[PDB]
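This is what each chain is made of:
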Amino acid sequence: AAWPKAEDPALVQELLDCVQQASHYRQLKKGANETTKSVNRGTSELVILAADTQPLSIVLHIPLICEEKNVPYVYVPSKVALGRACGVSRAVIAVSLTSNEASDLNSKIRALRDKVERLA
Amino acid sequence: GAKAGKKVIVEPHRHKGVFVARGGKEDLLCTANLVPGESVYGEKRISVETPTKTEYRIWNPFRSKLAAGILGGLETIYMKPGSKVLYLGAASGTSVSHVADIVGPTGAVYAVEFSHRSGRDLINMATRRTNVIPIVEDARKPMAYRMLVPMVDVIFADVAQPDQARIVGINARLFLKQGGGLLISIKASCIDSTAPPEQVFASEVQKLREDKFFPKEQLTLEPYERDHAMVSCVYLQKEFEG
Amino acid sequence: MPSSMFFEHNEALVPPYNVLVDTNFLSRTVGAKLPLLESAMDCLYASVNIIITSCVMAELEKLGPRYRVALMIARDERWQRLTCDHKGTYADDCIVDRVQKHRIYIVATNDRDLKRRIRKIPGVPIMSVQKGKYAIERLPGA
Amino acid sequence: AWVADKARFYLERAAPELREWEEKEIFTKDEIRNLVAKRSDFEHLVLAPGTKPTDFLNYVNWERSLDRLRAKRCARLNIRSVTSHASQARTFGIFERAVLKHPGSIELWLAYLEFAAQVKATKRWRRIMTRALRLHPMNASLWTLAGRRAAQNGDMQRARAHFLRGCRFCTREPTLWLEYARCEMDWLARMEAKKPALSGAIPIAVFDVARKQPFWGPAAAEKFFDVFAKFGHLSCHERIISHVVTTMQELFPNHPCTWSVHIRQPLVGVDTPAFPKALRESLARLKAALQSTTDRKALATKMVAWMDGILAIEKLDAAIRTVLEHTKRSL
Amino acid sequence: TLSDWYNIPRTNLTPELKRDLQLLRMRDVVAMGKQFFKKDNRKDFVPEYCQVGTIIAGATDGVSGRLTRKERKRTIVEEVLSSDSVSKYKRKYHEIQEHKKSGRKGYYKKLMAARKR
RNA sequence: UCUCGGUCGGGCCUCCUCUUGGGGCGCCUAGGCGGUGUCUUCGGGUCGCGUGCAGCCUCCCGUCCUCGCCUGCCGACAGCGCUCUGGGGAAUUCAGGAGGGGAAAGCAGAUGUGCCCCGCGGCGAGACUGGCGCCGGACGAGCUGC
RNA sequence: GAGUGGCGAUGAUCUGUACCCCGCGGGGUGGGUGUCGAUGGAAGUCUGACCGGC
Ligand SMILES: [Zn+2]
């Protein structure tokens, strides 16, 4: 069910790096429930999930509402890599990252979901 | 604000089949419920009898680009009770339910979606309503559902694609009438994320225009969305119904 | 009120700059011997795409074979041929219709008629040619 | 509506035969007044927008009965060298305009084939036939009529063209398979009647191929036995019947159709000492079959239908007739 | 009844519905500066087709986004009377009355008594 | 019966013969009246609290006092707009205009039918050949169109 | 020398169902509720002498 699977040749790495930079700019909603709140409230600019979920059904619900809100989603293959990409000390299973009016981070979100649009 | 059980009267809107419900401290755009007693995705709605029967689902510009255009001040929406609408990019059938509430029992909505899960919720909603058809196919392949769609009056377009004008181009070259309606939602961050949004909007208008539409008006959806445009145009004629 | 305006400042025009070219401007730059892409490039310091409407190529072609050099420099296949659809083939109303609609473009003109006509609508640049180089009226960059 | 214009072409096209009928002594002048006015009323009715195949067949029936009226009145006044071909050409025009406007109307198509057959227009009949089959390919009526008239004309290859394309198309009902076993065995009846033909494995191929079809059932296989159960004067009818009963008793061996053909199987090549002999043989198969554990009600209804299905024959033992009446009473 | 607006009936104009329509052209005074509205100055405020409804239920809001038994009142004007700031209405009203009794007739009557005394 | 010149006529053309010291219907408004709501002042009536002193105290009625609000009627002067065989409503007769919906809504070349012989051609089994793994020539049983 | 047990994004913690009277225990009214009641209340059960035909 991971048909937007991100490729380990550095697209995963740019995803997790932009996760970390958004974590340092506090633009980051972590975990599946808070990701779901950000997508349902429409604050979300991009959303990554983790395909290393042991039952992946517990994150399969957010591609629905991301298709409804028309925000790009993409899966990285490790919730541990996403977890310390956030800086959490636990495994983050699905992360959402928003934006503001003016930031270089918002530019990096723009180019990043341009690459996600090249996937989907 | 719009609490459950507040008295709120309903008057018609300027468009055909669109209603506006004015209350004490607020107003709420709303359509007429085609299948009464049932909310689709869990929305507030309005019941009233003739002087049981009459019911009005409240329609959200934050969950619907078309309600964002109607509250955005759009001249015409091309859709009326009796129309045939080709909806493009139909996730879960929510705005497809509001379009189906506009064109009503005698109308027909032709919902197209690529994803299977929104396909499933679309088959739930489209099993409840009998004027919407479910089509789960690729919008980049109109010859897949050329056995399913006749010549429609309106095309609504909400896809998050970089080749949006080409998809709507070939879909209109197979399914849209001589002098047809087209109503496209555009996301400038989705077409070209490194360009300014007015230039992305004007370039998509130019791609429709050399795709032989005729742009009537453009409005940007910006108390309700950011960097989104709604372009209202008409296929092969300057005036709509022909 | 158009998107990306902050009190008669269009933030929507950013390089690569678009520039509608008029017949006045093509005549006076082939007359001033000043090459078009390199001197618009040189007066804006930024990559431009110049756009030439079919009203403008229509009026240059209506002008006779005195201006065959200006036509042959106006049909440079590098450039965006912006096809218009209105009955007149009148360039000044095509340009003010188009700029009034989108308000992205830089208008390369020289006449007091059209320059005075689009000083009235806010946030548009006017590119002229003062006999050795080009000039920009109201683009607050370089 | 420009019905007065196009109607004006058809009326003015009809005029010189009315000229010749006035100048011959055949019709009189007020008869031609009634005739021109009624032609006109039909042409405006027919070229009118909201029309019906009933309306087209009304004007075909009236125009053709006009041709017969002029024919008999011509035979009264002993005229010759007046001809019917403007009437026949005109009637082909009414039909061509008819099945051009309402082409999904098998009343129009079968009536036009009926006219084209009754005026001895054979090649044109085949052209109309092919156009009718193309607009109604799921119509066993048309595929049967094309195949049968092709067979009676004598071109069995063209008959098999119409039939094998028919069995390709009409595959819901068994009807056209029944008529192609019926017409192919009609041809084998002609071949053994004139005496490949010695083997005749074609309707057996229709049977064994017909196994794999969506209609293929036991009652329909009993209709195959009703088809093959006639023409018992043949070479290999016992081989064909025997293959049908054998194959049904290899694939559906627990059905009162198979027990019913187990009864009626020795009565194929009969029509006479063998008639009570095979009749009592059908009493051995009958008493052996009614006791068999199967759809006993369905076998009882089939044998009420069959014992009733013999009664019109004469020259029978009245004890056998009465005891089959008492067997109908007993079941 | 409108034929292409799904048979909204014509306004059965009662005095309570007319009070509610007055309140809807006057909702800017109701929210006393806390919320301003689309200025809709048409002369005839009564529309041709209206139908008085109530909000039923959102399937995500049932704790705070729902009126209670003592608040599901009968008219919009009864809701506005049920709400707060009614003494604020009366307070602003007596600012206005104290300014419209400025120098009108009790003033000049006080002047006449002041001279004649 | 080929033309030319001239002339207080007309056809033809032009601009006046309309835009009024006027009327009707509206708009606006000082104000009046009707419906109606507070505020002051006094007198009664009342739920209740307290000490059932003093009082407090929610509510109700009237008076005094004025102010106010009605998609409410009426509205002078001044001013403005529309219109004038004055202004409205209905019935019907006639002359037009716009829009919807329904309709196979289809006269691009309108020659009876059938057979045989010719001519031109199409499918087509089967058969040979030239040049470089192809392309091409040229034979042909049969069947069919026109 | 071997085999078990161990928080947290697969969601920790915090403002918020009220106040009050007492030694984690108890009590006076909440408000919203969801029931069946109830006798209790709003709450009282139209007008009354002509009309039709001719
Ligand atoms: Zn132009």
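Residues numbered from 1 in each chain as written, not as in the entry; some residues may be left out. Chains lettered and ligands numbered in written order. Part of a larger assembly, values for the part shown. Heavy atoms only, no water. Residues with missing side-chain atoms left out of burial classes, pairs and counts.

cryo-EM is the method the PDB entry lists for this structure, together with a resolution of 3.2 Å.

Regarding its fold elements, chain E presents five helices and one strand. Seen in sequence order, chain E has helices and strands lined up from the N terminus as α-α-β-α-α-α. The globule rule puts the C-alpha radius of gyration for 117 residues at 13 Å, and the 22 Å found for chain E is more than 25% above it. Expressed along its principal axes, the backbone C-alpha trace of chain E runs to roughly 75 × 40 × 25 Å. Within chain E, residue pairs in contact and separated by at least 24 positions form 64% of the contacts whose partners lie at least 6 positions apart. (Helix = DSSP H or I, 4+ residues; strand = E, 2+ residues; numbered from the N terminus. Rg over C-alpha atoms; globule rule 2.2 N^0.38 Å. Contact = heavy atoms within 4.5 Å.)

Looking only at helices and strands, one finds 16 helices and zero strands in chain D. Its C-alpha radius of gyration of 28 Å places chain D more than 25% over the 20 Å reference for a compact globule of 331 residues. In terms of overall dimensions, chain D has C-alpha extents of about 80 × 45 × 40 Å along its principal axes.

With that settled, consider the interface of chain B and chain C. If you look at the interface, chain B gives eleven residues, while chain C gives eleven residues. Going through the elements one at a time, α6 (197-209) and β11 (215-220) of chain B are the ones with two or more residues in the side of chain B that touches chain C. Considering every element that reaches the side of chain B that touches chain C, the biggest residue donor is α6(B), with six residues. Here the residues of the side of chain B that touches chain C sort into three nonpolar, four polar and four charged. (Nonpolar A, V, L, I, M, F, W, Y, C, P; charged D, E, K, R; others polar.)

In many analyses, interface size is given as the accessible surface area lost on bringing the parts together. On the side of chain E, 33 residues touch chain B, which itself brings 42 residues to the contact. Secondary structure elements with two or more residues in the side of chain B that touches chain E: β1 (7-12), β2 (18-22), β3 (27-32), β4 (45-48), β5 (54-58) and α2 (94-103) of chain B. Residues belonging to the side of chain B that touches chain E are distributed by class as follows: 17 nonpolar, ten polar and 15 charged. Sheet analysis places β1(B) next to strand β1 (residues 51-55) of chain E, joined by four bridges and oriented antiparallel. Residue pairing for β1(E): B:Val8 is matched across the bridge by E:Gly53. (Pairing = 2+ DSSP bridges.)

A word on the coordination of the zinc ion. Six octahedrally arranged donors around a metal ideally form angles of 90 or 180 degrees; four tetrahedrally arranged donors ideally form angles of 109.5 degrees. Residues and elements named next belong to chain C. Binding of the zinc ion to the protein goes through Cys55 (SG), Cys84 (SG), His86 (NE2) and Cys94 (SG), at separations of 2.3 to 2.5 Å. Written as a sequence motif, the donor arrangement for the zinc ion is C-x28-C-x1-H-x7-C. Separated by 31 residues along the polypeptide, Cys55 in helix α3 (residues 54-62) and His86 in the loop between β3 (80-82) and α5 (91-102) bring together distant segments of the chain. (Donors = N, O, S within 2.8 Å, 3.2 Å for Na, K, Ca; no water.)

This brings us to the environment of D:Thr327. All names here are of chain D. Here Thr327 lies in helix α16 (residues 318-330). The sequence separation of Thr327 and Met307 amounts to 20 residues, and the corresponding C-alpha distance is 8.9 Å. Polar contacts involving the side chain of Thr327 include one to the main-chain carbonyl oxygen of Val323, which spans 2.5 Å. (Polar contact = N/O pair within 3.5 Å; in protein donor to acceptor, adjacent residues only side chain to side chain.)

Another point: the protein's contact with RNA strand F. RNA strand F sits among 33 residues. The nearest are D:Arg13, D:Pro49, D:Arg124, E:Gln22 and E:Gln97. The sugar-phosphate share of atoms of RNA strand F within 4 Å of the protein amounts to 68%. Separating a phosphate oxygen of RNA strand F from a backbone N or O atom of D:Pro49 is a distance of 2.9 Å. Between E:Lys18 and RNA strand F, the recorded distance is 3.1 Å, taken from a side-chain N or O atom to a phosphate oxygen. Secondary structure elements with two or more residues in the surface near RNA strand F: α1 (3-23), α4 (85-101) and α6 (122-135) of chain D together with α1 (15-25), α4 (86-100) and α5 (106-116) of chain E. The residue inventory of the surface near RNA strand F, partitioned by class, reads eleven nonpolar, six polar and 16 charged. (Near = heavy atom within 4 Å.)

The next point concerns a positive patch on the surface. Taken together, C:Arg112, C:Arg116, C:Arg119, C:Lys120 and C:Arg138 make up a surface patch of like positive charges. Tracing the sequence through the fold places C:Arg119 in the loop between α6 (112-117) and β5 (126-129). (Patch = residues over 30% accessible without salt bridge, like charges linked within 9 Å, V, L, I, M, F, W, Y side chains within 5 Å. Areas by Shrake-Rupley, 256 points an atom, 1.4 Å probe, with all protein chains shown as cover. Salt bridge = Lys/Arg side-chain N within 4 Å of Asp/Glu carboxyl O. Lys, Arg positive; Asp, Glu negative; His and termini not counted. Charge placed at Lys NZ, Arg CZ, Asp CG, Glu CD.)

Residue and element names in this part refer to chain D. Counting residues in each nonpolar core, the largest one holds 72 residues, and the members touching the most others are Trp21, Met129, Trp177, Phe215, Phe224 and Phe228. With nine residues, helix α9 (residues 175-194) is the largest single contributor of residues to this core. Residue contacts for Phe224: discarding those within four places in its chain leaves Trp177, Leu178, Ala210, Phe215 and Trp216. (Core = buried A, V, L, I, M, F, W, Y, C linked by side-chain atoms within 4.5 Å. Buried < 20%, exposed > 50% of the residue type's maximum accessible area, 1.4 Å probe, protein only.)

Moving on, we come to the protein's contact with RNA strand G. Neighbouring RNA strand G are 16 residues, the closest being A:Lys30, A:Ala32, A:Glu34, E:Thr68 and E:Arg69. Among the atoms of RNA strand G close to the protein, meaning within 4 Å, 44% are from sugar or phosphate groups. Between A:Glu34 and RNA strand G, the recorded distance is 3.0 Å, taken from a backbone N or O atom to a base oxygen. Within the contact set of RNA strand G, a phosphate oxygen lies 2.8 Å away from a backbone nitrogen or oxygen of E:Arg69. Considering each element in turn, the surface near RNA strand G owes the most residues, three residues, to helix α2 (residues 32-40) of chain A. Split by residue class, the surface near RNA strand G holds six nonpolar, five polar and five charged.

A word on unusual backbone geometry. At the junction of C:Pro15 and C:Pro16, the peptide bond is cis and its omega measures out at 0° in the coordinates. With respect to the helices and strands, C:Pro16 occurs in the segment before β1 (17-21). Despite not being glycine, A:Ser89 has its phi angle at roughly 75°, a positive value. With respect to the element layout, A:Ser89 can be found in the loop between α4 (79-86) and β4 (94-98). Take A:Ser89: its relative accessible area is 73%, and that puts it in the exposed class. Despite not being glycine, D:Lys120 has its phi angle at roughly 60°, a positive value. With respect to the element layout, D:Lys120 can be found in the loop between α5 (106-118) and α6.

Before going further, it helps to spend a moment on the arrangement of the chains. No other pair among the three pairs of chains in contact exceeds the contact count of chains B and E. At the C-alpha level, the nearest point of chain C lies 37 Å from chain D, with no contact between them.

Okay, the sheet that holds strand β2 (residues 44-50) of chain A next. All names here are of chain A. Ordered in space as β1-β4-β2-β3, the four strands form an open sheet in which the pairing is mixed. In the strand order of this sheet, the two ends are held by β1 (28-30) and β3 (73-76), each with one partner. When strand polarity is set aside, the average angle formed by the axes of neighbouring strands in this sheet is 20°. Bridge count for β2 against β4 is five bridges, and the pairing is antiparallel. Bridge pairing in β4 places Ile48 opposite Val95. Its contacts with the sheet place α4 against β1, β2, β3 and β4, and it is angled at close to 135° to β2. Helix α5 (residues 104-119) rests against β2, β3 and β4 of the sheet, and its axis sits at about 55° to β2. (Axes fitted to C-alpha atoms, helices over the stretch in contact; angles between N-to-C directions.)

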